[PDB]
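Chemist: Supplied in structure tokens, the structure appears directly below.
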Amino acid sequence: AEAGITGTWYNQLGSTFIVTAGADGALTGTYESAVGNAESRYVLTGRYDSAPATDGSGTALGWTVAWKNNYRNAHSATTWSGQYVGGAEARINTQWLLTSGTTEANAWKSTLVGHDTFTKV
Amino acid sequence: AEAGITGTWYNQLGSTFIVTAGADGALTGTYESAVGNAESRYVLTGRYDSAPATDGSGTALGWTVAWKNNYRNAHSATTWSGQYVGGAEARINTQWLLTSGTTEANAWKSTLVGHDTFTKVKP
Amino acid sequence: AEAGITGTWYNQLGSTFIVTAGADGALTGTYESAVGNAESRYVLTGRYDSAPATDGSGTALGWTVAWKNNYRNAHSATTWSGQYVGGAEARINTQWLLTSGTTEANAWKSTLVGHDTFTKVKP
Amino acid sequence: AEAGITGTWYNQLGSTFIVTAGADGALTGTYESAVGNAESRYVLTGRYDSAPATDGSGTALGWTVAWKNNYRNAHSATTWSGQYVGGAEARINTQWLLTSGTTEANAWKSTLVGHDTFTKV
Ligand SMILES: N=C1N[C@H]2[C@H](CS[C@H]2CCCCC(=O)O)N1
Ligand SMILES: N=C1N[C@H]2[C@H](CS[C@H]2CCCCC(=O)O)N1
Ligand SMILES: N=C1N[C@H]2[C@H](CS[C@H]2CCCCC(=O)O)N1
Ligand SMILES: N=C1N[C@H]2[C@H](CS[C@H]2CCCCC(=O)O)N1
């Protein structure tokens, strides 16, 4: 559970994200996706509950990745919102929103939604 | 543009968002919500496209607030995903996901989704 | 109330929604979209709570439109999930999911999410 | 692929839904959930693409369930939007929205979002 968010995680797509969880709620690290107009690592920043409940619940967290790095700019940003659950097999279950910058004309179709499950395997 | 996003913003619920856009695509600031099991200010961190398009396209950005501060802890976190659209009346149109920590069993009802529009007041 | 939902509604994009609420909680009608790879009217079917609450709570409902008719086929379907709120100015506030058929590989980008507000004009 | 949507499907939660796909795009059947303020079968109605593309893509579909039957009324409705994919192991991958009727005061928290995968196993 605590600390354990820190590590390298992988999702079903093969994306990899390396995060560091700070004692007070911050999440910092890099994200490398396996799909989209992405190329290399991208910086990610987020927050998590540094004092989750002492009952059998997960730890709420979220993070953002703007898809711009020294190699590509896909003019989009993704936010993942979910919870971490530890145990012999820890995982982070998330739902995400990917918004692309559009002209007002196409704002209605600017956001994709999906889900990703991350494990340390 | 960092400058354009930087400022004080408010949404239809009456919540306050104070943000500074850094040159590196970083967003930091505080959020004051008008609703929920939230009391006072909460730290927020996000990222935005610091090199958007010359198209009248919006600038994509997103940020997260974990609802825990020194006074309260709602054991939940919200992420806002949207676009900043400048002009005389600058707006940040978003869609958000609010996830609460739950037991495996009620995880199916852990996430709420909605949308918020922010209007700029100050830098 | 079936009666209250029954009518012609329009949303901010300029799309038309003609619906009849049946006594059994059924919704049937047609949708005319102002946007997308959609041309003409499409059949819609949904359900609503025919026994809502005496609370000023909204009436929950939802409906689906597969974007295929005798003139076009966009190979996608949208479901709107929301609440009907009556009064002098009746509204149906919704959030929708638009899924396109894709190959396993691009399934990660198969669904769009948004929100639409409908205003009633006629019964 | 075609016809094959018709059948009894189960999701990870144990919910069961029996659907009939009509030649022209309609989906009709019953839903029995394993979670929430649900009890028995609930009627469901939806639509699907009766002429999906002839390429390796899934068939888009969606359906709604108002959670009211002769036993319970949870004053909510769920819509599932996703696509069907056939093969030796067919499945329906969906994302859903569950909206509860609220007073304006609580409209901001009226909708839950999740995902369900259905198989005939
Ligand atoms: N690991 C994941 N990669 C895709 C989903 C959500 S974010 C997305 C990659 C998008 C890359 C940039 C783009 O194509 O816009 N999960
Ligand atoms: N300004 C906003 N406040 C509500 C929406 C999205 S997040 C939410 C407030 C939740 C407060 C903490 C909680 O109740 O968990 N917008
Ligand atoms: N009235 C609305 N039209 C758009 C939104 C949600 S569904 C969408 C139209 C899509 C048309 C068919 C398509 O492009 O796939 N509201
Ligand atoms: N099979 C599923 N059951 C839950 C999710 C989406 S709908 C939901 C059951 C809700 C029952 C009524 C309620 O609790 O409001 N998937």
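Scheme for the structure tokens: letters A, B, ... for chains in order shown; per-chain residue numbers from 1; ligand numbers from 1 in order shown.
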Can you pull out every residue within 8 Å of range 69-86 of chain D, counting only C-alpha atoms, but drop anything in the same chain fewer than 6 positions away, and send it as an NGL selection string?
Modeler: (:C and (47-49 or 51-53 or 59-64 or 77-82 or 97-101 or 111)) or (:D and (1 or 4-5 or 37-43 or 57-63 or 92-101))
Chemist: Go ahead and write the residues just picked, C-alpha atoms, as a PDB file, in the first residue's frame.
Modeler:
```
ATOM      1  CA  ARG C  47     -36.244   3.927 -21.332  1.00  0.00           C
ATOM      2  CA  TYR C  48     -37.109   6.346 -18.534  1.00  0.00           C
ATOM      3  CA  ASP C  49     -38.330   6.103 -14.932  1.00  0.00           C
ATOM      4  CA  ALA C  51     -42.404   6.554 -11.481  1.00  0.00           C
ATOM      5  CA  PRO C  52     -39.833   9.310 -10.552  1.00  0.00           C
ATOM      6  CA  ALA C  53     -39.754  10.925  -7.045  1.00  0.00           C
ATOM      7  CA  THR C  59     -36.572  11.846 -14.053  1.00  0.00           C
ATOM      8  CA  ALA C  60     -33.695   9.596 -15.121  1.00  0.00           C
ATOM      9  CA  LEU C  61     -33.731   8.344 -18.738  1.00  0.00           C
ATOM     10  CA  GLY C  62     -31.424   7.277 -21.530  1.00  0.00           C
ATOM     11  CA  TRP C  63     -31.693   6.355 -25.178  1.00  0.00           C
ATOM     12  CA  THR C  64     -29.571   5.071 -28.045  1.00  0.00           C
ATOM     13  CA  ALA C  77     -23.846   4.455 -31.948  1.00  0.00           C
ATOM     14  CA  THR C  78     -24.404   7.075 -29.266  1.00  0.00           C
ATOM     15  CA  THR C  79     -26.187   6.563 -25.904  1.00  0.00           C
ATOM     16  CA  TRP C  80     -27.337   9.673 -23.917  1.00  0.00           C
ATOM     17  CA  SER C  81     -27.724   9.198 -20.137  1.00  0.00           C
ATOM     18  CA  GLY C  82     -29.396  12.074 -18.263  1.00  0.00           C
ATOM     19  CA  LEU C  97     -20.870   8.168 -25.203  1.00  0.00           C
ATOM     20  CA  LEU C  98     -20.355   7.754 -28.968  1.00  0.00           C
ATOM     21  CA  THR C  99     -18.651   4.511 -29.867  1.00  0.00           C
ATOM     22  CA  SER C 100     -17.418   3.754 -33.420  1.00  0.00           C
ATOM     23  CA  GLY C 101     -16.749   0.176 -34.546  1.00  0.00           C
ATOM     24  CA  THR C 111     -15.349   6.190 -27.671  1.00  0.00           C
TER      25      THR C 111
ATOM     26  CA  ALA D   1     -20.506 -11.802 -36.032  1.00  0.00           C
ATOM     27  CA  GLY D   4     -24.483 -13.769 -32.683  1.00  0.00           C
ATOM     28  CA  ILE D   5     -25.251 -10.652 -30.558  1.00  0.00           C
ATOM     29  CA  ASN D  37     -30.448  -1.179  -5.968  1.00  0.00           C
ATOM     30  CA  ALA D  38     -31.600  -3.659  -8.549  1.00  0.00           C
ATOM     31  CA  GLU D  39     -33.761  -6.813  -7.976  1.00  0.00           C
ATOM     32  CA  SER D  40     -34.752  -9.228 -10.821  1.00  0.00           C
ATOM     33  CA  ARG D  41     -34.902  -8.518 -14.496  1.00  0.00           C
ATOM     34  CA  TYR D  42     -35.275  -5.101 -15.999  1.00  0.00           C
ATOM     35  CA  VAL D  43     -36.246  -4.443 -19.610  1.00  0.00           C
ATOM     36  CA  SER D  57     -13.944  -3.842 -37.005  1.00  0.00           C
ATOM     37  CA  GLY D  58     -16.484  -4.462 -34.244  1.00  0.00           C
ATOM     38  CA  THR D  59     -20.215  -3.741 -34.511  1.00  0.00           C
ATOM     39  CA  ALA D  60     -21.225  -0.556 -32.621  1.00  0.00           C
ATOM     40  CA  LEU D  61     -24.196  -0.857 -30.296  1.00  0.00           C
ATOM     41  CA  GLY D  62     -25.737   0.635 -27.183  1.00  0.00           C
ATOM     42  CA  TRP D  63     -28.677  -0.046 -24.912  1.00  0.00           C
ATOM     43  CA  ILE D  92     -19.038  -6.935 -26.064  1.00  0.00           C
ATOM     44  CA  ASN D  93     -16.725  -4.245 -24.696  1.00  0.00           C
ATOM     45  CA  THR D  94     -18.632  -1.285 -23.200  1.00  0.00           C
ATOM     46  CA  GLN D  95     -18.303   1.950 -21.216  1.00  0.00           C
ATOM     47  CA  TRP D  96     -21.490   2.959 -19.342  1.00  0.00           C
ATOM     48  CA  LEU D  97     -23.082   6.026 -17.750  1.00  0.00           C
ATOM     49  CA  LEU D  98     -25.448   5.608 -14.794  1.00  0.00           C
ATOM     50  CA  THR D  99     -27.455   8.771 -14.044  1.00  0.00           C
ATOM     51  CA  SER D 100     -29.644   9.017 -10.916  1.00  0.00           C
ATOM     52  CA  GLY D 101     -32.490  11.590 -10.817  1.00  0.00           C
TER      53      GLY D 101
END
```
Chemist: Name the residues, by chain letter and number, that sit within 8 Å of ligand 3 using only C-alpha atoms and all ligand atoms, and give them as a PyMOL selection string.
Modeler: (chain A and resi 108-109) or (chain C and resi 11+13-16+31-38+67+74-80+96-98+100+114-116)
Chemist: Could you tell me which of C:5, C:23, C:121, C:105 comes closest to ligand 1 if we count only C-alpha atoms and all ligand atoms?
Modeler: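 Closest to ligand 1, using only C-alpha atoms and all ligand atoms: C:105.
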Chemist: Do a neighbour search on range 24-36 of chain D at 7 Å with only C-alpha atoms, toss out local chain neighbours closer than 6 positions, and write the hits as a VMD selection string.
Modeler: chain D and resid 13 to 18 42 to 50
Chemist: With chain C held fixed, move chain B onto it by a least-squares fit of all C-alpha atoms in order and give the output as a short mmCIF file (atom, residue, chain, number, x, y, z; two decimals) with N, CA and C atoms, in the first residue's frame.
Modeler:
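Output (selection32.cif):
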```cif
data_model
loop_
_atom_site.label_atom_id
_atom_site.label_comp_id
_atom_site.auth_asym_id
_atom_site.auth_seq_id
_atom_site.Cartn_x
_atom_site.Cartn_y
_atom_site.Cartn_z
N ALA B 1 -42.60 11.91 -16.25
CA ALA B 1 -44.05 11.78 -16.63
C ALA B 1 -43.94 11.53 -18.12
N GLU B 2 -44.65 10.58 -18.67
CA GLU B 2 -44.51 10.36 -20.14
C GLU B 2 -44.81 11.64 -20.92
N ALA B 3 -45.94 12.17 -20.60
CA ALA B 3 -46.45 13.42 -21.24
C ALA B 3 -45.38 14.51 -21.34
N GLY B 4 -44.81 14.81 -20.21
CA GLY B 4 -43.75 15.87 -20.14
C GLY B 4 -42.53 15.63 -21.03
N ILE B 5 -42.15 14.40 -21.15
CA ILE B 5 -40.97 14.11 -21.98
C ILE B 5 -41.40 14.12 -23.44
N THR B 6 -42.58 13.65 -23.69
CA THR B 6 -43.06 13.61 -25.07
C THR B 6 -43.03 14.98 -25.70
N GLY B 7 -42.49 15.03 -26.90
CA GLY B 7 -42.39 16.31 -27.62
C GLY B 7 -41.18 16.42 -28.50
N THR B 8 -40.97 17.62 -28.95
CA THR B 8 -39.84 17.94 -29.83
C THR B 8 -38.89 18.72 -28.96
N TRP B 9 -37.66 18.31 -29.03
CA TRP B 9 -36.57 18.95 -28.25
C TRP B 9 -35.38 19.30 -29.17
N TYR B 10 -34.57 20.25 -28.76
CA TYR B 10 -33.38 20.65 -29.57
C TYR B 10 -32.25 20.87 -28.62
N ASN B 11 -31.06 20.72 -29.09
CA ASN B 11 -29.91 20.94 -28.19
C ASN B 11 -29.10 22.04 -28.78
N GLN B 12 -28.09 22.40 -28.05
CA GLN B 12 -27.14 23.50 -28.46
C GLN B 12 -26.44 23.32 -29.83
N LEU B 13 -26.43 22.12 -30.34
CA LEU B 13 -25.76 21.92 -31.65
C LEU B 13 -26.78 22.14 -32.74
N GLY B 14 -28.05 22.14 -32.42
CA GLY B 14 -29.10 22.34 -33.49
C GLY B 14 -29.70 20.97 -33.93
N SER B 15 -29.47 19.94 -33.14
CA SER B 15 -30.02 18.59 -33.51
C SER B 15 -31.46 18.55 -32.96
N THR B 16 -32.27 17.74 -33.58
CA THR B 16 -33.72 17.57 -33.23
C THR B 16 -33.91 16.18 -32.64
N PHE B 17 -34.74 16.13 -31.65
CA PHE B 17 -35.04 14.87 -30.94
C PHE B 17 -36.59 14.89 -30.82
N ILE B 18 -37.22 13.90 -31.41
CA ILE B 18 -38.73 13.78 -31.39
C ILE B 18 -38.93 12.51 -30.58
N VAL B 19 -39.58 12.61 -29.47
CA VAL B 19 -39.78 11.39 -28.64
C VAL B 19 -41.18 11.26 -28.05
N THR B 20 -41.57 10.07 -27.82
CA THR B 20 -42.85 9.75 -27.25
C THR B 20 -42.48 8.87 -26.07
N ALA B 21 -42.99 9.22 -24.93
CA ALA B 21 -42.69 8.40 -23.74
C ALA B 21 -43.92 7.48 -23.58
N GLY B 22 -43.73 6.20 -23.56
CA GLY B 22 -44.87 5.27 -23.41
C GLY B 22 -45.05 4.97 -21.91
N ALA B 23 -46.23 4.57 -21.58
CA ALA B 23 -46.63 4.24 -20.18
C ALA B 23 -45.75 3.21 -19.49
N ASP B 24 -45.25 2.33 -20.29
CA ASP B 24 -44.37 1.25 -19.78
C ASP B 24 -42.89 1.74 -19.54
N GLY B 25 -42.59 3.02 -19.59
CA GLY B 25 -41.15 3.44 -19.36
C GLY B 25 -40.38 3.41 -20.69
N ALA B 26 -41.09 3.25 -21.78
CA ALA B 26 -40.40 3.19 -23.11
C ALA B 26 -40.32 4.51 -23.78
N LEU B 27 -39.26 4.73 -24.50
CA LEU B 27 -39.07 6.02 -25.25
C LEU B 27 -38.84 5.57 -26.72
N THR B 28 -39.48 6.15 -27.71
CA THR B 28 -39.24 5.76 -29.13
C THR B 28 -39.29 7.09 -29.85
N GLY B 29 -38.72 7.16 -31.00
CA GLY B 29 -38.76 8.46 -31.71
C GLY B 29 -37.68 8.48 -32.74
N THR B 30 -37.33 9.67 -33.14
CA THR B 30 -36.28 9.87 -34.16
C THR B 30 -35.35 11.04 -33.73
N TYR B 31 -34.16 10.96 -34.25
CA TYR B 31 -33.12 11.97 -33.96
C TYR B 31 -32.60 12.50 -35.29
N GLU B 32 -32.38 13.78 -35.36
CA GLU B 32 -31.86 14.47 -36.57
C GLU B 32 -30.61 15.18 -36.00
N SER B 33 -29.43 14.83 -36.42
CA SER B 33 -28.20 15.50 -35.85
C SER B 33 -27.78 16.57 -36.81
N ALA B 34 -27.18 17.54 -36.20
CA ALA B 34 -26.68 18.70 -36.94
C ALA B 34 -25.23 18.45 -37.28
N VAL B 35 -24.64 17.49 -36.62
CA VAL B 35 -23.22 17.21 -36.89
C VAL B 35 -22.90 15.75 -37.12
N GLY B 36 -21.68 15.56 -37.53
CA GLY B 36 -21.16 14.18 -37.79
C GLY B 36 -21.49 13.61 -39.17
N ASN B 37 -21.10 12.37 -39.36
CA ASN B 37 -21.33 11.64 -40.65
C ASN B 37 -22.74 11.04 -40.48
N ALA B 38 -23.69 11.94 -40.36
CA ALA B 38 -25.11 11.54 -40.18
C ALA B 38 -25.99 12.37 -41.10
N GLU B 39 -26.82 11.73 -41.88
CA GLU B 39 -27.73 12.49 -42.80
C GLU B 39 -29.21 11.98 -42.69
N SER B 40 -30.07 12.87 -42.30
CA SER B 40 -31.51 12.61 -42.15
C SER B 40 -31.89 12.19 -40.71
N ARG B 41 -32.94 11.44 -40.61
CA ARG B 41 -33.44 10.98 -39.31
C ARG B 41 -32.97 9.57 -39.01
N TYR B 42 -32.81 9.30 -37.75
CA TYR B 42 -32.37 7.97 -37.26
C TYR B 42 -33.36 7.57 -36.16
N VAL B 43 -33.58 6.32 -36.03
CA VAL B 43 -34.51 5.77 -35.03
C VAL B 43 -33.81 5.78 -33.70
N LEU B 44 -34.57 6.08 -32.67
CA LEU B 44 -33.98 6.08 -31.31
C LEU B 44 -34.94 5.28 -30.43
N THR B 45 -34.37 4.65 -29.42
CA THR B 45 -35.16 3.85 -28.46
C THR B 45 -34.46 4.03 -27.11
N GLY B 46 -35.22 4.13 -26.08
CA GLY B 46 -34.65 4.32 -24.74
C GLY B 46 -35.68 3.88 -23.71
N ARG B 47 -35.37 4.24 -22.49
CA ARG B 47 -36.24 3.93 -21.33
C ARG B 47 -36.16 5.10 -20.34
N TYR B 48 -37.15 5.25 -19.52
CA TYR B 48 -37.11 6.35 -18.53
C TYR B 48 -37.86 5.83 -17.32
N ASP B 49 -37.66 6.50 -16.22
CA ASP B 49 -38.33 6.10 -14.93
C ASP B 49 -39.76 6.65 -15.04
N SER B 50 -40.71 5.76 -15.20
CA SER B 50 -42.10 6.24 -15.31
C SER B 50 -42.70 6.50 -13.93
N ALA B 51 -41.92 6.31 -12.88
CA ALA B 51 -42.40 6.55 -11.48
C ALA B 51 -41.27 7.28 -10.76
N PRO B 52 -40.94 8.48 -11.16
CA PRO B 52 -39.83 9.31 -10.55
C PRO B 52 -40.13 9.67 -9.08
N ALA B 53 -39.44 10.61 -8.48
CA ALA B 53 -39.75 10.93 -7.05
C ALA B 53 -40.64 12.16 -6.92
N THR B 54 -41.66 13.07 -6.03
CA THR B 54 -42.30 14.30 -5.46
C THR B 54 -41.24 15.12 -4.68
N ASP B 55 -40.02 15.01 -5.12
CA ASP B 55 -38.84 15.68 -4.53
C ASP B 55 -38.38 16.90 -5.29
N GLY B 56 -38.58 17.78 -6.27
CA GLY B 56 -38.08 18.47 -7.50
C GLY B 56 -36.81 17.74 -7.97
N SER B 57 -36.85 16.15 -8.03
CA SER B 57 -35.67 15.43 -8.53
C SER B 57 -36.00 15.33 -10.05
N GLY B 58 -34.99 15.08 -10.84
CA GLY B 58 -35.20 14.96 -12.30
C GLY B 58 -35.62 13.51 -12.47
N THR B 59 -36.10 13.22 -13.65
CA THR B 59 -36.57 11.85 -14.05
C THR B 59 -35.38 11.28 -14.86
N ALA B 60 -34.83 10.19 -14.40
CA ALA B 60 -33.70 9.60 -15.12
C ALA B 60 -34.18 8.88 -16.41
N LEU B 61 -33.41 8.99 -17.45
CA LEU B 61 -33.73 8.34 -18.74
C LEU B 61 -32.47 8.15 -19.54
N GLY B 62 -32.60 7.50 -20.66
CA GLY B 62 -31.42 7.28 -21.53
C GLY B 62 -31.98 6.74 -22.83
N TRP B 63 -31.24 6.87 -23.89
CA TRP B 63 -31.69 6.35 -25.18
C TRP B 63 -30.45 6.16 -26.04
N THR B 64 -30.63 5.40 -27.07
CA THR B 64 -29.57 5.07 -28.05
C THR B 64 -30.00 5.37 -29.51
N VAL B 65 -29.04 5.74 -30.32
CA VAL B 65 -29.24 6.02 -31.76
C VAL B 65 -27.99 5.31 -32.35
N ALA B 66 -28.18 4.46 -33.33
CA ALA B 66 -27.07 3.71 -34.04
C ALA B 66 -27.16 4.63 -35.25
N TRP B 67 -26.05 5.11 -35.71
CA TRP B 67 -26.07 6.04 -36.85
C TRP B 67 -26.11 5.40 -38.22
N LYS B 68 -27.18 4.69 -38.44
CA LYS B 68 -27.41 4.00 -39.73
C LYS B 68 -28.87 4.17 -40.04
N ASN B 69 -29.13 4.56 -41.24
CA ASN B 69 -30.53 4.72 -41.69
C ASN B 69 -30.49 4.24 -43.16
N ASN B 70 -31.43 4.59 -43.99
CA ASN B 70 -31.44 4.14 -45.44
C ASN B 70 -30.61 4.96 -46.35
N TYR B 71 -30.03 5.99 -45.81
CA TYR B 71 -29.17 6.89 -46.63
C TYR B 71 -27.73 6.81 -46.19
N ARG B 72 -27.48 6.64 -44.91
CA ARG B 72 -26.09 6.58 -44.42
C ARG B 72 -25.88 5.57 -43.35
N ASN B 73 -24.63 5.32 -43.15
CA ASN B 73 -24.20 4.36 -42.11
C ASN B 73 -22.81 4.83 -41.60
N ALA B 74 -22.79 5.41 -40.43
CA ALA B 74 -21.52 5.91 -39.83
C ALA B 74 -20.83 4.82 -38.97
N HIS B 75 -21.42 3.67 -38.85
CA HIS B 75 -20.87 2.53 -38.06
C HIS B 75 -20.54 3.00 -36.64
N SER B 76 -21.46 3.65 -36.01
CA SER B 76 -21.20 4.12 -34.64
C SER B 76 -22.57 4.20 -33.96
N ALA B 77 -22.58 4.35 -32.66
CA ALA B 77 -23.85 4.45 -31.95
C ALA B 77 -23.55 5.38 -30.77
N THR B 78 -24.53 6.13 -30.41
CA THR B 78 -24.40 7.08 -29.27
C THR B 78 -25.49 6.72 -28.23
N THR B 79 -25.18 6.83 -26.97
CA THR B 79 -26.19 6.56 -25.90
C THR B 79 -26.12 7.90 -25.08
N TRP B 80 -27.24 8.42 -24.70
CA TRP B 80 -27.34 9.67 -23.92
C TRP B 80 -27.87 9.19 -22.59
N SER B 81 -27.28 9.59 -21.49
CA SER B 81 -27.72 9.20 -20.14
C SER B 81 -27.97 10.56 -19.46
N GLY B 82 -29.14 10.76 -18.91
CA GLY B 82 -29.40 12.07 -18.26
C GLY B 82 -30.65 12.12 -17.40
N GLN B 83 -31.11 13.32 -17.20
CA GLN B 83 -32.33 13.60 -16.38
C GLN B 83 -33.23 14.62 -17.07
N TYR B 84 -34.51 14.41 -16.94
CA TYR B 84 -35.52 15.32 -17.52
C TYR B 84 -35.90 16.16 -16.29
N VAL B 85 -35.99 17.44 -16.46
CA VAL B 85 -36.35 18.38 -15.38
C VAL B 85 -37.46 19.23 -16.04
N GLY B 86 -38.64 19.10 -15.51
CA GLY B 86 -39.78 19.87 -16.09
C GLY B 86 -39.91 21.23 -15.44
N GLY B 87 -40.97 21.89 -15.78
CA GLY B 87 -41.25 23.24 -15.23
C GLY B 87 -41.67 24.05 -16.45
N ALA B 88 -41.61 25.34 -16.34
CA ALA B 88 -42.01 26.18 -17.51
C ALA B 88 -40.97 25.98 -18.61
N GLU B 89 -39.74 25.84 -18.17
CA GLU B 89 -38.59 25.63 -19.14
C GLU B 89 -38.03 24.21 -18.86
N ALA B 90 -38.61 23.29 -19.58
CA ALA B 90 -38.19 21.89 -19.41
C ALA B 90 -36.90 21.64 -20.15
N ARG B 91 -36.06 20.92 -19.47
CA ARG B 91 -34.74 20.56 -20.02
C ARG B 91 -34.42 19.06 -19.81
N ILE B 92 -33.54 18.56 -20.63
CA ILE B 92 -33.10 17.16 -20.50
C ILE B 92 -31.59 17.47 -20.56
N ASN B 93 -30.93 17.21 -19.46
CA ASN B 93 -29.46 17.45 -19.36
C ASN B 93 -28.84 16.07 -19.53
N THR B 94 -27.91 15.91 -20.43
CA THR B 94 -27.31 14.55 -20.60
C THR B 94 -25.79 14.56 -20.77
N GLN B 95 -25.28 13.36 -20.73
CA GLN B 95 -23.85 13.08 -20.93
C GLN B 95 -24.01 11.95 -21.92
N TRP B 96 -23.16 11.89 -22.91
CA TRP B 96 -23.27 10.82 -23.93
C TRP B 96 -21.94 10.18 -24.23
N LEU B 97 -22.04 9.00 -24.79
CA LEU B 97 -20.87 8.17 -25.20
C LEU B 97 -21.17 7.80 -26.67
N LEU B 98 -20.23 8.05 -27.52
CA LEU B 98 -20.36 7.75 -28.97
C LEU B 98 -19.28 6.75 -29.25
N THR B 99 -19.65 5.56 -29.57
CA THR B 99 -18.65 4.51 -29.87
C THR B 99 -18.71 4.18 -31.38
N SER B 100 -17.56 4.08 -31.97
CA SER B 100 -17.42 3.75 -33.42
C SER B 100 -16.93 2.31 -33.48
N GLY B 101 -17.25 1.58 -34.51
CA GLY B 101 -16.75 0.18 -34.55
C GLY B 101 -15.28 0.34 -35.00
N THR B 102 -14.39 -0.40 -34.41
CA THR B 102 -12.96 -0.29 -34.80
C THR B 102 -12.34 -1.69 -34.77
N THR B 103 -11.07 -1.70 -35.13
CA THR B 103 -10.29 -2.95 -35.14
C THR B 103 -9.83 -2.99 -33.66
N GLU B 104 -9.46 -4.17 -33.23
CA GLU B 104 -9.00 -4.38 -31.82
C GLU B 104 -7.92 -3.37 -31.47
N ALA B 105 -7.09 -3.19 -32.44
CA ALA B 105 -5.96 -2.24 -32.30
C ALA B 105 -6.34 -0.78 -31.99
N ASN B 106 -7.36 -0.27 -32.60
CA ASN B 106 -7.71 1.16 -32.31
C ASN B 106 -8.89 1.28 -31.42
N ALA B 107 -9.21 0.19 -30.81
CA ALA B 107 -10.36 0.18 -29.89
C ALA B 107 -10.09 1.19 -28.78
N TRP B 108 -8.85 1.44 -28.45
CA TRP B 108 -8.60 2.44 -27.34
C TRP B 108 -9.16 3.83 -27.68
N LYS B 109 -9.32 4.10 -28.94
CA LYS B 109 -9.85 5.42 -29.34
C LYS B 109 -11.24 5.27 -29.97
N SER B 110 -11.98 4.29 -29.54
CA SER B 110 -13.32 4.11 -30.14
C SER B 110 -14.44 4.94 -29.52
N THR B 111 -14.27 5.42 -28.32
CA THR B 111 -15.35 6.19 -27.67
C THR B 111 -15.16 7.64 -27.31
N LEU B 112 -16.07 8.47 -27.75
CA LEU B 112 -16.04 9.92 -27.46
C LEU B 112 -17.06 10.16 -26.32
N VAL B 113 -16.84 11.16 -25.49
CA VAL B 113 -17.80 11.47 -24.39
C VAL B 113 -18.04 13.00 -24.50
N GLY B 114 -19.24 13.39 -24.16
CA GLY B 114 -19.63 14.83 -24.21
C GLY B 114 -20.88 14.99 -23.42
N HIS B 115 -21.46 16.16 -23.58
CA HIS B 115 -22.73 16.46 -22.86
C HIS B 115 -23.62 17.36 -23.73
N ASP B 116 -24.89 17.13 -23.65
CA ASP B 116 -25.87 17.93 -24.44
C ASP B 116 -27.05 18.31 -23.53
N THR B 117 -27.59 19.47 -23.79
CA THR B 117 -28.76 19.95 -23.00
C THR B 117 -29.82 20.16 -24.09
N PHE B 118 -30.99 19.66 -23.80
CA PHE B 118 -32.13 19.76 -24.72
C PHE B 118 -33.17 20.67 -24.09
N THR B 119 -33.76 21.44 -24.94
CA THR B 119 -34.82 22.41 -24.56
C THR B 119 -36.06 21.98 -25.31
N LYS B 120 -37.16 21.97 -24.62
CA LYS B 120 -38.39 21.55 -25.31
C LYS B 120 -39.03 22.72 -26.11
N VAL B 121 -39.58 22.36 -27.25
CA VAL B 121 -40.25 23.36 -28.13
C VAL B 121 -41.74 22.95 -28.28
N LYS B 122 -41.98 21.77 -28.78
CA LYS B 122 -43.40 21.28 -28.97
C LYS B 122 -43.56 20.02 -28.10
N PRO B 123 -44.78 19.63 -27.84
CA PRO B 123 -45.16 18.20 -27.62
C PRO B 123 -45.17 17.41 -28.95
#
```
